[PDB]
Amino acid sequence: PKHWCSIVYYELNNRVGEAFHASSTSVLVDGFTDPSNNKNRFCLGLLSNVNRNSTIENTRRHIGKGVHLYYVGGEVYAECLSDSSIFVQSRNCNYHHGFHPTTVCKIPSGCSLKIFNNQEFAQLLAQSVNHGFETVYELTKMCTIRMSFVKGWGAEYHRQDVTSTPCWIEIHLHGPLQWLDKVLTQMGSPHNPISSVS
């Protein structure tokens, strides 16, 4: 039930509630109200937001059974249990399918999708160990995934960024981040030495 990830919730550009830390390979992020943030569920219903408004409140009402994140066999899956769709932006996935990096994938109610593969990422990590601190640092972006409930964003939608959708989350993958750490530790980059003034 390792803590493979930690998840942060948002409502537009504002962060809402405390962070959730996975204590099992199966975590449910729903719009219900169990305050226990110590186990299986990450309930968004009880969360408050002084900056909230009708349209976000409306969207929150339809998160429902939300999404099912599942970690198994060095691969994470996302199942949309909510009656509404869910949209995900995973670079690792986008690479495995050959889509453009910023590509947003819709996961329809009841459906499922693999949003990450470790061996794949480890390989990409390897293929750049000796290519540049700049490009290896960029792999950080690979370890975070963003998905919003109900409202899409990107091409075909009016909303272009995830900061415009009323309900979304960001998932940090600890395994990948840690391995990436073991490698980044080898920096010593005096490159582009900047100013301490300007």
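Residue positions are given as counts along the sequence shown, with the first one as 1.
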Looking at the deposited entry, does 140 to 148 or 165 to 173 carry the larger mean Cα B-factor?
-> 140 to 148
Using the B-factors recorded in the PDB entry, average over the C-alpha atoms of 9 to 17 and of 176 to 184, then report which stretch comes out higher.
-> 176 to 184
From the entry's CA B-factor values, the highest among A78, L81, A122, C105 is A122
Hey, out of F133, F42, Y70, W153, whose CA B-factor is highest in the deposited coordinates?
-> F133
Entry-reported Cα temperature factor of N49, expressed as the chain third it lands in | lowest
Record-listed C-alpha B factor of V27: chain third = middle
